[PDB]
Structure formats: structure tokens, C-alpha cells
file input_11.pdb (PDB, C-alpha atoms)
MODEL        1
ATOM      1  CA  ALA M   1      90.242 138.563  86.462
ATOM      2  CA  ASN M   2      92.570 140.598  84.251
ATOM      3  CA  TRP M   3      92.195 144.233  85.297
ATOM      4  CA  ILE M   4      88.502 144.745  86.052
ATOM      5  CA  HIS M   5      88.721 142.733  89.273
ATOM      6  CA  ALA M   6      92.389 141.726  89.270
ATOM      7  CA  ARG M   7      94.284 143.022  92.304
ATOM      8  CA  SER M   8      95.181 140.398  94.908
ATOM      9  CA  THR M   9      97.713 137.900  93.552
ATOM     10  CA  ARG M  10      99.575 137.062  96.761
ATOM     11  CA  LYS M  11      96.759 134.902  98.134
ATOM     12  CA  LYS M  12      95.778 131.975  95.898
ATOM     13  CA  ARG M  13      93.561 129.947  98.233
ATOM     14  CA  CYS M  14      92.828 126.859  96.137
ATOM     15  CA  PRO M  15      92.507 127.931  92.446
ATOM     16  CA  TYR M  16      93.977 124.581  91.479
ATOM     17  CA  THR M  17      92.271 121.634  89.794
ATOM     18  CA  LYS M  18      91.284 118.284  91.316
ATOM     19  CA  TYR M  19      93.413 116.400  88.777
ATOM     20  CA  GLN M  20      96.584 118.301  89.657
ATOM     21  CA  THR M  21      96.291 117.805  93.421
ATOM     22  CA  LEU M  22      95.271 114.206  92.701
ATOM     23  CA  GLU M  23      98.701 113.113  91.445
ATOM     24  CA  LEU M  24     100.400 115.221  94.116
ATOM     25  CA  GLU M  25      98.506 113.544  96.965
ATOM     26  CA  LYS M  26      98.750 110.066  95.428
ATOM     27  CA  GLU M  27     102.546 110.032  95.724
ATOM     28  CA  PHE M  28     102.648 111.696  99.147
ATOM     29  CA  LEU M  29     101.215 108.404 100.431
ATOM     30  CA  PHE M  30     103.927 105.958  99.410
ATOM     31  CA  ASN M  31     106.252 107.867  97.113
ATOM     32  CA  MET M  32     107.215 110.437  99.737
ATOM     33  CA  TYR M  33     110.281 111.133  97.596
ATOM     34  CA  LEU M  34     110.458 111.985  93.894
ATOM     35  CA  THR M  35     112.432 109.783  91.509
ATOM     36  CA  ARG M  36     113.072 109.925  87.757
ATOM     37  CA  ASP M  37     110.525 107.130  87.362
ATOM     38  CA  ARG M  38     107.629 108.882  89.098
ATOM     39  CA  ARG M  39     108.534 112.451  88.093
ATOM     40  CA  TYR M  40     108.367 111.268  84.473
ATOM     41  CA  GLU M  41     105.084 109.326  84.489
ATOM     42  CA  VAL M  42     103.347 111.832  86.776
ATOM     43  CA  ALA M  43     104.521 114.563  84.402
ATOM     44  CA  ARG M  44     102.860 112.843  81.457
ATOM     45  CA  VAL M  45      99.481 112.626  83.195
ATOM     46  CA  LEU M  46      99.684 116.066  84.809
ATOM     47  CA  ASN M  47     101.078 117.603  81.612
ATOM     48  CA  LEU M  48     104.026 119.013  83.564
ATOM     49  CA  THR M  49     107.814 118.893  83.234
ATOM     50  CA  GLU M  50     110.003 116.267  84.907
ATOM     51  CA  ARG M  51     111.687 119.089  86.825
ATOM     52  CA  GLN M  52     108.543 121.209  87.188
ATOM     53  CA  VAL M  53     106.919 118.683  89.536
ATOM     54  CA  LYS M  54     110.113 117.968  91.491
ATOM     55  CA  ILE M  55     110.904 121.643  92.042
ATOM     56  CA  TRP M  56     107.290 122.082  93.143
ATOM     57  CA  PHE M  57     107.748 119.822  96.174
ATOM     58  CA  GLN M  58     111.259 121.114  96.877
ATOM     59  CA  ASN M  59     110.207 124.775  97.063
ATOM     60  CA  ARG M  60     107.269 123.893  99.311
ATOM     61  CA  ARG M  61     109.876 122.537 101.731
ATOM     62  CA  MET M  62     112.375 125.408 101.474
ATOM     63  CA  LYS M  63     109.757 127.938 102.579
ATOM     64  CA  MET M  64     109.234 125.734 105.631
ATOM     65  CA  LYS M  65     112.981 125.483 106.216
ATOM     66  CA  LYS M  66     113.889 129.175 106.415
ATOM     67  CA  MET M  67     110.422 129.807 107.862
ATOM     68  CA  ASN M  68     108.726 133.199 107.529
TER      69      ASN M  68
ENDMDL
END
call {"tool": "encode", "arguments": {"input": "input_11.pdb", "output": "C-alpha cells"}}
result
Amino acid sequence: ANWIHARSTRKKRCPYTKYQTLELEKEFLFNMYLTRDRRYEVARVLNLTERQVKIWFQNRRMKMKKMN
């Protein structure tokens, strides 16, 4: 977890929390896009930054753009 068993860090299956993915999936339904309104409120409940959440979705797309 730190050095005794820490080794693979390029995997990350689903070490996320239910709350985090909750807000992420809630918007994907209707709020397909991210606006200052959502980014702000969702950042207050997810304890993230207005840009942190936006950049999160953006990056996820870029990797799919340039592909592997």
C-alpha cells in the first residue's frame, strides 16, 4: 500500500468511492456537458475544484480522441 505491497500503479480498476462516481453519473444523464453552474455545485458536494471536475471529463475524452 506504500512500499510493502505497492508496485502496480498503472492499473487502478475501481479504487474510487460511490459518492464520487455518483455525481459523475448523475450529470452524464442530462447534463452531458459541463457548465459553470454544474461544475460549481457538483464541486461543492464532491469536494473538488470547479476546473478539477471539468478537466476530468475532458481528459477522459482526449485519450479516446488520439486513441492508444
call {"tool": "closest_residue", "arguments": {"input": "input_11.pdb", "among": "M:35, M:68, M:8, M:20", "to": "residue 47 of chain M", "atoms": "only C-alpha atoms"}}
result
M:20
call {"tool": "atom_distance", "arguments": {"input": "input_11.pdb", "atom1": "atom CA of residue 24 of chain M", "atom2": "atom CA of residue 6 of chain M"}}
result
28.1 Å
call {"tool": "atom_distance", "arguments": {"input": "input_11.pdb", "atom1": "atom CA of residue 30 of chain M", "atom2": "atom CA of residue 64 of chain M"}}
result
21.4 Å
call {"tool": "closest_residue", "arguments": {"input": "input_11.pdb", "among": "M:56, M:9, M:36, M:50", "to": "residue 21 of chain M", "atoms": "all atoms listed in the file"}}
result
M:56
call {"tool": "axis_aligned_box", "arguments": {"input": "input_11.pdb", "around": "segment 44-58 of chain M", "padding_each_side": "3 Å", "output": "lines of an AutoDock Vina configuration file"}}
result
center_x = 105.6
center_y = 117.4
center_z = 89.2
size_x = 18.2
size_y = 15.5
size_z = 21.4
call {"tool": "resolve_selection", "arguments": {"input": "input_11.pdb", "expression": "the PyMOL selection byres ((chain M and resi 38) around 12)", "output": "PyMOL selection string"}}
result
chain M and resi 23-24+26-28+30-37+39-46+49-51+53-54
call {"tool": "build_atoms", "arguments": {"input": "input_11.pdb", "residues": "segment 7-30 of chain M", "atoms": "N, CA and C atoms", "output": "tab-separated table (two decimals), in the frame of the given file"}}
result
chain	number	residue	atom	x	y	z
M	7	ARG	N	93.58	142.19	91.33
M	7	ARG	CA	94.28	143.02	92.30
M	7	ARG	C	95.14	142.16	93.23
M	8	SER	N	94.49	141.28	93.98
M	8	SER	CA	95.18	140.40	94.91
M	8	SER	C	95.74	139.18	94.18
M	9	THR	N	97.06	139.02	94.21
M	9	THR	CA	97.71	137.90	93.55
M	9	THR	C	98.69	137.21	94.50
M	10	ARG	N	98.69	137.64	95.75
M	10	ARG	CA	99.58	137.06	96.76
M	10	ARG	C	98.80	136.17	97.72
M	11	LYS	N	97.60	135.76	97.31
M	11	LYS	CA	96.76	134.90	98.13
M	11	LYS	C	96.71	133.48	97.58
M	12	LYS	N	95.92	133.29	96.52
M	12	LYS	CA	95.78	131.98	95.90
M	12	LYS	C	95.36	130.92	96.93
M	13	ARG	N	94.08	130.91	97.27
M	13	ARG	CA	93.56	129.95	98.23
M	13	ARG	C	93.69	128.53	97.69
M	14	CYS	N	92.81	128.18	96.76
M	14	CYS	CA	92.83	126.86	96.14
M	14	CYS	C	92.32	126.92	94.69
M	15	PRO	N	92.92	127.79	93.85
M	15	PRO	CA	92.51	127.93	92.45
M	15	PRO	C	93.08	126.84	91.56
M	16	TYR	N	93.42	125.72	92.18
M	16	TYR	CA	93.98	124.58	91.48
M	16	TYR	C	92.87	123.62	91.06
M	17	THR	N	93.24	122.62	90.26
M	17	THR	CA	92.27	121.63	89.79
M	17	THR	C	92.37	120.34	90.60
M	18	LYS	N	91.31	119.54	90.57
M	18	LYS	CA	91.28	118.28	91.32
M	18	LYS	C	92.28	117.27	90.75
M	19	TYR	N	92.49	117.32	89.44
M	19	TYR	CA	93.41	116.40	88.78
M	19	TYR	C	94.85	116.65	89.22
M	20	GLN	N	95.24	117.92	89.26
M	20	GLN	CA	96.58	118.30	89.66
M	20	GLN	C	96.91	117.80	91.07
M	21	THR	N	96.09	118.21	92.03
M	21	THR	CA	96.29	117.80	93.42
M	21	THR	C	96.17	116.29	93.59
M	22	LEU	N	95.47	115.65	92.66
M	22	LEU	CA	95.27	114.21	92.70
M	22	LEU	C	96.61	113.46	92.63
M	23	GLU	N	97.41	113.76	91.62
M	23	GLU	CA	98.70	113.11	91.44
M	23	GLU	C	99.67	113.50	92.56
M	24	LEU	N	99.53	114.72	93.06
M	24	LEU	CA	100.40	115.22	94.12
M	24	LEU	C	100.14	114.49	95.43
M	25	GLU	N	98.87	114.22	95.73
M	25	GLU	CA	98.51	113.54	96.96
M	25	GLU	C	98.70	112.03	96.86
M	26	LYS	N	98.59	111.50	95.65
M	26	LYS	CA	98.75	110.07	95.43
M	26	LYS	C	100.15	109.59	95.79
M	27	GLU	N	101.16	110.39	95.44
M	27	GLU	CA	102.55	110.03	95.72
M	27	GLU	C	102.91	110.27	97.19
M	28	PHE	N	102.38	111.35	97.75
M	28	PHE	CA	102.65	111.70	99.15
M	28	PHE	C	102.39	110.51	100.08
M	29	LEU	N	101.56	109.58	99.63
M	29	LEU	CA	101.22	108.40	100.43
M	29	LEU	C	102.38	107.44	100.57
M	30	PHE	N	102.82	106.91	99.44
M	30	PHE	CA	103.93	105.96	99.41
M	30	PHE	C	105.21	106.60	98.90
